[PDB]
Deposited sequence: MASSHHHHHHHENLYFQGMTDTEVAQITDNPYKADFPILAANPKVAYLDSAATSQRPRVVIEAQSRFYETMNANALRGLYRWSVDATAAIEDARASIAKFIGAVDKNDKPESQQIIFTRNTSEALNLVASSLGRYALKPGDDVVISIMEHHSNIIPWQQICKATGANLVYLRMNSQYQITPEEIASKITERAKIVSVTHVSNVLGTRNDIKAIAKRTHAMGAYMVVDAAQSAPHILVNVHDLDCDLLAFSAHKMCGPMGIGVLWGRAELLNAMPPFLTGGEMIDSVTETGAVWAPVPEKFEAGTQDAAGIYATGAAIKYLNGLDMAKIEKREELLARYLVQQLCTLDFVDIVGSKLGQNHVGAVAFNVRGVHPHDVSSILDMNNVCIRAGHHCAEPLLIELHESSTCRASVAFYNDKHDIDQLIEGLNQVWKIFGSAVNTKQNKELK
């Protein structure tokens, strides 16, 4: 890392936008892979909605309706879902989180497409929300759950892709970026083999949408999901994008108010996409604030965010490599980590590491990070995990490193 790069991450042009960080200047929040901190404008956008256009033909209702549509368009443009050049706003579906979006896909796409003997292929890197819905629908449909495995560099090889995704595959669902390893998978290449085999491509983008360019048209996926709260938006909002023809073909998930066109005692006619997939009163204020988060990120420029986060990831990994008592659970190259770096202090339980780090005002995660099959594959029962965002800086990372030296002094070999 050059002097110029180190100077760039020593500077912090962004943290002042986050009230909780300004109010807590001592805290090094290194757990953005669990959830983002909130820009002031996103917090206020939610309150403004409630103060000025709160409603579910009168003006406040017209106003709330237009706010939802404008946020859908912003979200679509953010992920490259554009025609014309018009945003594909009607291919944007709201959920509570990525987890609900993946349950929706597994139920709806699974019922639509899976026959007994079909394969559903996922990776060993998947978060639990891109695992258990597939366990469940596979049992219900007679399909088989297949796993893509990793090589010694924590990657999925082209050879593994061709070996595991064969003619029996019907759905393939893979994380764009692992929330533990930080590995960025070659989703476009996986999609190519998936489609050759007559299968649909599902992408868990919860860890990519905050960090790297997501373009659904370039990725060639059929469905893609992420969570607003991991990209500076509010909690309570997840996004599902899908190809228009496929969403039309897929059956509804939740049923009830607002997702119908008409109802009788015995049956119902469904509304068009995306209302077909949105049952009952939606979180209009959260949707509105998700649009505000998108506008906020666009204003900072995602290319500048990515450049800064790349430098922070490189610095984090570099500094962890100077501690010989630290085992990095993942690649030892910082450029191979998008956002997340998992690690252990050798001989010390992550609960104890995190406790000492918290006493030093450093926030990390300890445990299996909702990727237990991955940790089992890696012969770990738990790890620490530090993660970086553009509102972090070099000093946050140095604080972590100083904390880990304190851990080693308290629990290390000398004791």
item: Gaps in the model, given as deposited-sequence positions counted from residue 1; value: 1 to 18, 75 to 78, 106, 439 to 447
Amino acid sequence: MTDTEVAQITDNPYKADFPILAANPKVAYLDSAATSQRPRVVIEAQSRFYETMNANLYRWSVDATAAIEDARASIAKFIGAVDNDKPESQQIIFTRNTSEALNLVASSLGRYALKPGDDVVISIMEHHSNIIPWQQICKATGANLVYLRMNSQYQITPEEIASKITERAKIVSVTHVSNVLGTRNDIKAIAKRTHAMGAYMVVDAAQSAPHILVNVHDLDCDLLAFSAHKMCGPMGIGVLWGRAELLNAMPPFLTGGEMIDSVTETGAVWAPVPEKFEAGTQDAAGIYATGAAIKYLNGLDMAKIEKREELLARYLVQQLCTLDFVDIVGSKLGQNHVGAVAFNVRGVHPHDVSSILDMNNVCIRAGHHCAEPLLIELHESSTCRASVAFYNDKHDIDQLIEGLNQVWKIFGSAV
From here on, numbers count along this sequence of modelled residues.
| query | finding |
| --- | --- |
| Between 246 to 254 and 84 to 92 (mean CA B-factor, as deposited), the higher | 84 to 92 |
| 360 to 368 versus 57 to 65 - which carries the larger mean C-alpha B factor in the record | 57 to 65 |
| C-alpha B-factor winner, where the candidates are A205, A143, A228, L104 | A143 |
| Highest recorded Cα temperature factor - choice among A292, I161, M201, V177 | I161 |
| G299 - which third its CA temperature factor falls in, relative to the rest of the chain | middle |
| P350 by Cα B-factor - lowest, middle or highest third of the modelled chain | highest |
| Entry-reported Cα temperature factor of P274, expressed as the chain third it lands in | lowest |
| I401 by Cα B-factor - lowest, middle or highest third of the modelled chain | middle |
| Third assignment of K192 from its chain's C-alpha B-factors | highest |
